[PDB]
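Let me begin by presenting the structure, written as structure tokens, before commenting on it.
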Amino acid sequence: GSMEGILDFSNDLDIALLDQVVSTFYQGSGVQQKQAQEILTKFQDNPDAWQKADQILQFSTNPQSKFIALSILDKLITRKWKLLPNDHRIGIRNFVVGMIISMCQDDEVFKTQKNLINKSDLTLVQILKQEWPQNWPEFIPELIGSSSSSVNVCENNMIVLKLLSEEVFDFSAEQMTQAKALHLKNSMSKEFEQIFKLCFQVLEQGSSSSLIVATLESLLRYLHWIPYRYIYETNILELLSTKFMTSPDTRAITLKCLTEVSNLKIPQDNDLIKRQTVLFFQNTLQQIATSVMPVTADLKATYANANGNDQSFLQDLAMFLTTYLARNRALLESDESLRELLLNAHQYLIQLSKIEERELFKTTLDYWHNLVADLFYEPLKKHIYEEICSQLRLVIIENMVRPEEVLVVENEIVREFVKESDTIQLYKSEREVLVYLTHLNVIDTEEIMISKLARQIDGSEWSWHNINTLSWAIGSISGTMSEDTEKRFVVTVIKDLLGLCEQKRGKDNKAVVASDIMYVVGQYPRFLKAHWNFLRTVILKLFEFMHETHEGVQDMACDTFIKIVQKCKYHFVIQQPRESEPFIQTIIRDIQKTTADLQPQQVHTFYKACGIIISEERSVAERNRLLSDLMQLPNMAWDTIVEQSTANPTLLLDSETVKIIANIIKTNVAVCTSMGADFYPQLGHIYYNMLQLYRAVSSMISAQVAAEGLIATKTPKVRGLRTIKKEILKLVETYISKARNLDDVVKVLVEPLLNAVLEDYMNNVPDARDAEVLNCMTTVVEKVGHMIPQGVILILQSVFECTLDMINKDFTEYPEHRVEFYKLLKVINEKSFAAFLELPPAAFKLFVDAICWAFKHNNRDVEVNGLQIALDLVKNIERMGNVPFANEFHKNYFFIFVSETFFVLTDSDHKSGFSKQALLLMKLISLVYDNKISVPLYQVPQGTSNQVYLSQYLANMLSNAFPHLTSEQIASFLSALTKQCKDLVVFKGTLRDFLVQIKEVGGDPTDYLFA
Amino acid sequence: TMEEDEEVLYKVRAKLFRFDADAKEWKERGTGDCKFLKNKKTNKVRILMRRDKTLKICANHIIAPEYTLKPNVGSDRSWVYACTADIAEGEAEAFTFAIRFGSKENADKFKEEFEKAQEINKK
Amino acid sequence: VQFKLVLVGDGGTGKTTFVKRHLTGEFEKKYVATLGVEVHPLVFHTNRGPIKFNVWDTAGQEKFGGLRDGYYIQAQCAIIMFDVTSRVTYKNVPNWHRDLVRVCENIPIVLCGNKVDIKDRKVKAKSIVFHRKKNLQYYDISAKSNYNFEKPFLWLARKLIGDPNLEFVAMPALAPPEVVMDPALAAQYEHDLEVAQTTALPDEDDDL
Ligand SMILES: Nc1nc2c(ncn2[C@@H]2O[C@H](COP(=O)(O)OP(=O)(O)NP(=O)(O)O)[C@@H](O)[C@H]2O)c(=O)[nH]1
Ligand SMILES: [Mg+2]
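Chains as they are written, first to last, in PDB author numbering: chain C, -1 to 376, 414 to 446, 450 to 977, 981 to 1052; chain B, 78 to 200; chain A, 9 to 216.
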């Protein structure tokens, strides 16, 4: 339509037309709504739109339009206030103040246009942040005076004070300079004595709700910062804990104030204040017991019914009881007259801990952790809470969540697809408290678990939920019992659990009990070590589960195998009494029968478990033989597919042969992961052939891309071939990262590796380059980079320029290459900086360009490494001393690093790296002011110091990039930034002060004298 | 629910894509159980697929006999075909669908079932 | 039965992707910054009838903020989004909440920590406690893996209707029409089809 007419400012603003565009946006739909949206944004973003806000507030019949007019004023007040002439600032102040009084005295508008007043109060506070009190010293006295003329004006004055307290104390750290926030802080502290009078008077006499609620809401903000005497040397605690707890329309905000009161560390030596702290808790708990609910109430069912504000109140009650008791429960533990109050308060928490609400449970569980940890060390306390803890053991056991190791979950009992990081963390938090609760009374804990297990055998209380929570609770308390008590305990649990599995038939039931058996036994390795018969029967049952149809039971059996073996590997390698051979020898022989039904990635997990056992053997000959006995099946298949693949080189066409090759190398990766340096004999058996296969697979990949196009990289055939290359590099990377014999790595492994991978990477098309090549070289440079300085040079030449060209056109193409690329440049610049000195000067320019390119990433994996490389590069250059390369560097790149660091510091788009950016700029600035740069950084009169030219350069750079800054703002900032270049905390503070001032006009240059 | 006058012939977990010919890229449309439902009255078989948690429909069309399943260049566990009338998102639209399965076995079995159901609607 | 929902949070947290996943089922991998706000209607089928959310997906980038808190007027619920792989986005949650409740003083609000599918998690679950004192519901979500992606709307629907037993139900499946292909273009159902046939499917390394 013709809604764009309001964007023309030569003619006058059709207020009616504006109100229709606004109504079309909020109430409309579709294109007309989006059309009105872009028009309102352009209208709002006009630097002169604020001059039309006067007539929008008068002549408009739309509250949303007056709202946007204030949004336009809010932009002016916050950013360009100090540029207006003094007459416009008084005019806007009087206009805002007069409108607020206008809307308060109309009793009807005060009720229906709540936001428009709230937006006005916030706008008035934006003026207060600029003008008060140095240019409005009578604001608070006049405000207090105007409170009595009208009750509506009084209530709204509580909103202005609430918003003013928020902006000055709660949200000033990141929005004001340190001097401005301190200035406004002292200004409110000076006048608070007269603000508390009005607040206390309004609470003591009290009109009706609305004024009281707004008064309490404002008091909630004061409690963040006001002196303690306003809370304890008056009677306001008695008003909060009694009068305002009875009426449910002030009960919520009163409970939040008492929570804030409860969270201050009182003078813990004053008997009077301690008496008041006990008193308001005593009153509050009395009001809840008589006016809300008793201590026996079913809070689990009340929270589930969700009537009115019940859920919010029970959340606020849990926060109040936990905040108070965590800080002040000791005040109630000695006096015997306070014993009933102490236990009634905790009994409320027990009832609150039965609510089905994940986030509310973690809040109460956090306090239970605070309690039981204190009872675990503090003498003479645990007996007070004996009945509370006995109830709590039942609550935690019945609400255990699923640990990591349990891969069986009920949709139907299927396998876990996503890990639940929130569930895992809750389990660990539950285990911490339950381990503590077990230490406090191991007899009670055992009886609760033994009784519940009996009622799963009975079928009396059988269910998937009840057997799981019980089984999970049993495994969590591992290590809290004595070996004797634990022996009798787990023998029972395991025997009954096995009897449960053999009894109940079903694809689902037998899988639930299997996962519970596997979790319990995996958590008690100490018991398994000292009982070989049990350990052997356990391992065989795991092998029995490796043939179940459910992949989750198979998957967990392999993971439980690794978990047991990581702790009990010693008992698989020796000859056990009453046994024919080491149990590892038996497992290796049946390895084809045991893993017959496992899928590939679970067979490799089996082999990695075997490698854990084998690495326990320290006799070299026996271990190298155990290793060979393990690798027979993959070596047999490897020897086959090597014989008739050097001959018949096409054979690698077969998709089934690709899958066989990849699984063979996957098995070598799996074993090498657990054995590490002990894997060298097996690596040597396949190394030279493996690198030829890498070359053979590489040629076919390039052949397919030439014959089919780049789309070939997406086909299953090529993706399968590249898997062989990725797995080979992963095997080489895995070993070199754990190798102890670095002499064999350099003399045997490094030279055929670089020949096979480097030029193939450099000469493949970008879409065919495996980023895993860069990952492999990083390990090579990290572990043996100091022994192959010519190998590192070759690595750079093959990957540096061609990979940088893939990743310097945007911030998102080839994401795995960016990460590994800068991980590689970091370790080379760290452990082999000489390789960069050997770069041609043009290639060194790209190296600096590559570093600053990493600054501007929002990807943290790239941004963090880029700021670190720049930091290490500056250190490396400084270590060289006074040589040509170090002086050529500072001449060509010192200001490229200073400017490119300032750009990301001030562009509002890299806030996540502010700390490492500030550290880099501080090191650069410190170089000059310690005369570490022995050359003039300019090509300016001669004789002038680099200290001087740096200040002229930075003042000129900032004056052009931020033209709205006065010269003295830039002068004081650089002066302070220079004095503080050895004090990172103050340096970062001066920077944050600068980022505040570049967002407004008229920043005080004296703000940079805060330190 | 409008599924009571129907019998389930085939069920498989799958991921469904629609081809955005404008942007020349595949866009996801839903993950969940893919079902072949034979109406007990008229004996015509349709594909009905619902997203996992919200249970919203992402595929709803007859397994017409004129449709043909083709492979996608990047997958040995997926099928591509054109659909002239799908009423998942409302009015009948035309779509080029791609559906991917957990394994090549499930993908071959789907093609077997998809073609068996074509012989049913050809009567 | 329609309710206005505002969606706020830092830029890049996944607000637009989360909504697109609910509208079309797709997963957008590109980051195209929202400009001001995009309103999309989103309907869920419940055992208490349909419920419609007019979703105001606002912009998190300051330079693209648009009307800012002007978008919050008359909102009946809200979602605050942050990124668990970015500590900065969680330190700004109090700022987005501050602007939101000054305009919407008493509405249901969900706090969502997105991108929990990434292994290198930065905002640990132990440090996410801002929702407690503010009576917000919290959910670990992922618009990529769809973890808890339905729970923000399920909770809000239970609070807006006032029925804690509200559930999502299968929308009815109308009978699909029998239609034959078009032989007028069936000779050309082989261009835009062979194109789709040779455009590779994304994320071939997933389980589905
Ligand atoms: N790994 C992962 N990425 C996600 C997830 N959700 C969104 N993203 C990605 O994060 C990036 C941001 O996308 P977007 O939805 O536009 O975020 P936004 O909050 O709307 N940005 P803005 O406020 O500026 O409009 C996208 O690349 C998206 O693919 C997720 O759950 N997991
Ligand atoms: Mg967006």
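Virtual Cβ for every residue (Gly too), placed ideally from N, Cα, C.
So residue i packs on residue j, CB below 8 Å; how close in whole Å?
i	j	result
C:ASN113	C:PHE65	7 Å
A:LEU108	A:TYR146	With 8 Å as the limit, A:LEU108 and A:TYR146 do not qualify as a contact, their Cβ atoms being about 15 Å apart.
C:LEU201	C:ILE210	7 Å
residue 448 of chain C	C:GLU926	The gap in chain C between 446 and 450 takes in residue 448 of chain C, so it carries no coordinates here.
A:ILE169	A:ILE59	7 Å
B:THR161	A:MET89	Not quite, the Cβ-Cβ distance comes to about 39 Å (not below 8 Å), so this is no contact.
Would residue i pass as an interface residue toward chain B - the criterion being a Cβ-Cβ separation below 9 Å?
i	result
A:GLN205	yes
A:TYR197	yes
A:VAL118	no
A:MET179	yes
A:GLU46	no
A:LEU209	yes
A:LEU182	yes
A:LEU201	yes
Can a CB atom of chain C be found closer than 9 Å to the CB of residue i?
i	result
A:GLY33	no
residue 217 of chain A	The displayed coordinates of chain A run from 9 to 216. Any statement about residue 217 of chain A would go beyond what the structure contains.
A:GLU36	no
A:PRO172	yes
Please list, in chain order, all residues of the same chain as residue i whose beta carbon is under 7 Å from its beta carbon, the five residues on each side excluded.
i	result
C:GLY829	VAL788, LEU792
B:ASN198	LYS121, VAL122, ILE139, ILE140, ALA141, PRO142
C:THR817	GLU771, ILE774, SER775
C:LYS254	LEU218, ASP314
Compute the minimum distance between the beta carbon of residue i and the heavy atoms of ligand 1, and state whether it is under 8 Å.
i	result
A:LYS37	yes
A:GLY121	no
A:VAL40	yes
A:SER150	yes
A:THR25	yes
A:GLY33	no
In chain order, what residues of the same chain lie with their CB nearer than 6 Å to the CB of residue i, ignoring the 5 residues before and after it?
i	result
A:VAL92	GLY121, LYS123, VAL124, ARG129, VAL131
C:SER992	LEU1015
C:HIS585	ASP635
C:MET669	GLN720
Output needed for residue i: all residues of its chain with C-beta closer than 8 Å, excluding positions within five of it in sequence on either side, in chain order.
i	result
C:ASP52	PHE93
C:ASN150	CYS102, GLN103, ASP105, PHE108
So is the beta-carbon of residue i under 8 Å away from any non-hydrogen atom of ligand 2?
i	result
B:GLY107	no
B:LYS88	no
A:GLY73	no
A:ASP18	no
C:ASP168	no
C:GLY143	no
For residue i and chain A, any beta-carbon pair shorter than 9 Å?
i	result
B:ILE164	yes
C:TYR24	yes
To be precise: take each residue of the stretch 141 to 168 of chain A, compare its Cβ to all Cβ atoms of chain B, and keep it if any distance is under 8 Å. Which residues remain? Answer set for the stretch 141 to 168 of chain A: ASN154, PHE157, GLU158.
Members of the stretch 738 to 766 of chain C that neighbour chain B once the beta carbon cut-off is set at 7 Å: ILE749, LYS752, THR753, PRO754
Taking a cut of 7 Å between CB atoms, which residues from the stretch 169 to 180 of chain C lie near chain A? Of all residues in the stretch 169 to 180 of chain C, the ones placed with a Cβ closer than 7 Å to any Cβ belonging to chain A are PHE169, in chain order.
Can you list, in chain order, the residues of the stretch 823 to 851 of chain C whose Cβ is nearer than 7 Å to any Cβ on chain A? none
Interface residues of the stretch 125 to 157 of chain B facing chain C [CB-CB below 8 Å]: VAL150, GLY151, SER152, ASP153
To be precise: take each residue of the stretch 173 to 189 of chain B, compare its Cβ to all Cβ atoms of chain A, and keep it if any distance is under 8 Å. Which residues remain? Listed by position along the chain: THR173, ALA175, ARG177, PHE178, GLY179.
Using a Cβ-Cβ cut-off of less than 7 Å, list which residues of the stretch 97 to 108 of chain B approach chain A; keep chain order. Per Cβ criterion, the list reads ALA98, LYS101, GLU102, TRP103, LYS104, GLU105, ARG106, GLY107, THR108.
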